[PDB]
């Protein structure tokens, strides 16, 4: 499949202008291109978690900002998620496993990747632990 130019524009605006806090990508009904499905400027991580579908897959980009120790400000890292819940259809899980690289090879500046199979692998403390260390 191909990456819709709009998906690349939405990424450049998050990356270079912090225009969005997170973006959700998915396949078009035709299942031929990867488009944006939802964008948001909500800083609450909970708000992002609430949009993750329990029975379907998606891809997402999150602008993860965390406190950098030493009485120094913050750091921000772009995290790429593959949301693929055990409760999702096998054909969906697979088509999304397939199309992942199309969208992933195209994004430049992603610091860390997360493969969410459930809400524990995508929890705040869990993302923060991966992002903090040698990511």
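Numbering follows the first chain given and starts at 1.
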Quiz item: Do the CA atoms of 108 to 116 or those of 19 to 27 have the higher mean B-factor in the entry?
Solution: 108 to 116
Self-check item: 70 to 78 set against 48 to 56, stretch whose average Cα temperature factor tops the other in the entry
Solution: 70 to 78
Exercise. Taking the values exactly as deposited, rank residue 94 by C-alpha B-factor within its chain and report the matching third: lowest, middle or highest.
Key: middle
Exercise. Name the third of the chain's ranked CA B-factors that contains residue 131, choosing lowest, middle or highest.
Key: middle
Self-check item: Third of chain Cα B-factors occupied by residue 40
Solution: lowest
